[PDB]
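Enquirer: Experimental coordinates for this protein are included below, preceded by the sequence.
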Amino acid sequence: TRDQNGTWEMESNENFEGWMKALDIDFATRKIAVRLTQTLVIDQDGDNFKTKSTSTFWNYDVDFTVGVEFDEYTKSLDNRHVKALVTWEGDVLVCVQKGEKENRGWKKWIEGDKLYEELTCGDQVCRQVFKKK
Ligand SMILES: *C/C=C(\C)c1ccc(-c2ccc(OC)cc2)s1
């Protein structure tokens, strides 16, 4: 299934700090952020997505249309400019953010009843699992 709508509550997080470090996020922010449970809210209608990632320490939203490149400022995460593109590979939603960092982006897929995601930057992969609230 390609339908990723829902309020997704984190069950598992792995190597979130490695991903943040590859983005050069500073020590103090990483030390706090690595402790935190996350939520991911996805509003999906056709190609049109609204995605929110939140914890007690951040609340980041991004809107996009599958298949349409968008020039993006990454805002409070790392204040960088990238050319972002989200597409489907089978039932995997793949985002590539072209810019200074290599291998940068994320992937999301439904597996069983859960939402799995990968967060990538450089040689680092963060793996996460969420349950649908
Ligand atoms: C589809 C998944 C997305 C858009 C994200 C997963 C983690 C995100 C994130 C954004 C910003 C911060 O710090 C401000 C932390 C995590 S976004």
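Expert: Noted; the coordinates are in hand. Numbering: from 1, shown residues only.
Enquirer: Surely residue 31 forms part of a helix?
Expert: Yes: counting by DSSP: H, G, I helix; E, B strand; the rest coil, residue 31 is located in a helix.
Enquirer: The residue lying closest to residue 5 once chain neighbours are set aside is in what secondary structure piece?
Expert: Nearest residue to residue 5 in three dimensions, chain neighbours excluded: residue 44, at 4.8 Å (Cβ to Cβ, 6 or more residues apart in numbering). Using the backbone N, CA and C atoms, a C-beta is placed for each residue, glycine as well. Per DSSP states H and E, residue 44 falls inside strand 39-45.
Enquirer: Mind giving me the packing neighbours of that strand?
Expert: Strand 39-45 sits against strand 6-14, strand 48-54, with contacts defined as 3 or more Cβ pairs under 8 Å, 6 or more residues apart in numbering; DSSP states H and E.
Enquirer: Show me which positions of the following helix or strand past the last one end up buried.
Expert: Stepping forward along the backbone from strand 48-54, the first helix or strand reached (DSSP H and E) is strand 59-65. Within strand 59-65, the residues that qualify as buried by neighbour count (16 or more other Cβ atoms under 10 Å) are 62, 64.
Enquirer: strands paired with strand 59-65, and their directions?
Expert: Applying DSSP bridges, strand 59-65 is found paired with strand 48-54 (antiparallel).
Enquirer: Done for today, thanks.
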